[PDB]
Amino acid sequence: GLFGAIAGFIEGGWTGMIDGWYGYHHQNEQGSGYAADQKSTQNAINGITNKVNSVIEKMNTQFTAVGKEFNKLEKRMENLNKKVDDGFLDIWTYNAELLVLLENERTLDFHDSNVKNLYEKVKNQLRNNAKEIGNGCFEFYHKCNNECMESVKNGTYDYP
């Protein structure tokens, strides 16, 4: 979407990847399978959980009895009390809804960025020994066994 990876050149998700949020799908002469990149998914699992807890845990609320009672000659104080309740009601409703609306878009942007950086991490490693098919895949020009595959994910891919 915002970083062009998820809604973009990587057209869809992997139901086959149950291990994490972002990962790889390799295909070599030795076999094939899905594997999650625990380095990327953990930083997002950490960041998103820290974000969700910040919305919940930052709510400092004291002991309060909201209701107040007034009699026939205290209508003004009664209406002043409703103004306080409806004012807080209008404020909290508006801010809560927009907070969820704005910060949900950012969470999706956050995932898109992590996906974009992972693609960019592989492209910089596989500088030019493979053709970028444009859909998130890289077709190797040389035989890349499971050791060479695991070395791409590990971040230690030798250039030749």
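The numbering used is simple: start at 1 and walk along the sequence shown.
Taking the PDB entry as given, 23-31 carries the higher mean Cα B factor of the two stretches 23-31 and 41-49. Taking the PDB entry as given, 54-62 carries the higher mean Cα B factor of the two stretches 93-101 and 54-62. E69: CA B factor lies in the lowest third for its chain, per the PDB record. When the modelled residues of the chain are ordered by their C-alpha B factor, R106 lands in the lowest third.
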